[PDB]
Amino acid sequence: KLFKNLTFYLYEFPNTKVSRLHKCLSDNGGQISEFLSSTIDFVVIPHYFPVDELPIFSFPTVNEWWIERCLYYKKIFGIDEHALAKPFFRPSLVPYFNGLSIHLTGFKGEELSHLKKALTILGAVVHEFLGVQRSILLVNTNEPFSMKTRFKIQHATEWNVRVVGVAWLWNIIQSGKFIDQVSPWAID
């Protein structure tokens, strides 16, 4: 099993989610304790839980998306391998993302799904399609540009949609502070 010999501690999850999350971990060889002890391998936080409201944990802390990532690629990642697998949500970022219409390009699978949800709770509106009236075209620069991505960039340039490298967003997530200037991450 994937989560063999691993004990998890679920923190402040709603009752409905707990049972579902319990079954997912249990069916993968993982155990769950409601106590903090040396047995605990990982502390799991809901992805929408405000970082600032989190208590101090003497254990590696991840969100439930870390579990989903582990199952998607069928292996155990480090806690710092992906910014969305850790607690990241800060309510102070919400007024900054508010009103921003964002379309994503170059992202696939679980990363795309998690990114949409991340941007949504942060106060932004994620659009399934590129339109003339998009605030931002967010480009995945960690992958070679597909033909479709290159098309969207050209259209965004013509339609005066801001073309921004994803590093800009990762920097906001990791630092916890919004960045008004996107020019250092523009593709142009």
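Counting begins at 1, following the sequence as shown.
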Practice problem: Give the stretch, out of 116-124 and 56-64, with the larger mean C-alpha temperature factor in the deposited entry. | Solution: 56-64
Practice problem: Take the C-alpha B-factors listed in the entry for 89-97 and for 76-84, compute each mean, and give the stretch with the larger one. | Solution: 76-84
Quiz prompt | Candidate residues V166, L21, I173, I179, the one whose C-alpha B factor the record puts highest | solution = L21
Quiz item: If you rank every modelled residue in this chain by C-alpha B factor, which third holds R69: lowest, middle or highest?
Solution: highest
Quiz item: Considering only modelled residues of the same chain, in which third does the CA B-factor of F3 rank: lowest, middle or highest?
Solution: highest
Quiz item: Split the chain's modelled residues into thirds by Cα B-factor; is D27 in the lowest, middle or highest one?
Solution: highest
Self-check item: B-factor third for the C-alpha atom of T141 within its chain
Solution: middle
Quiz item: Mind checking which third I40 falls in for C-alpha B-factor across the chain?
Solution: highest
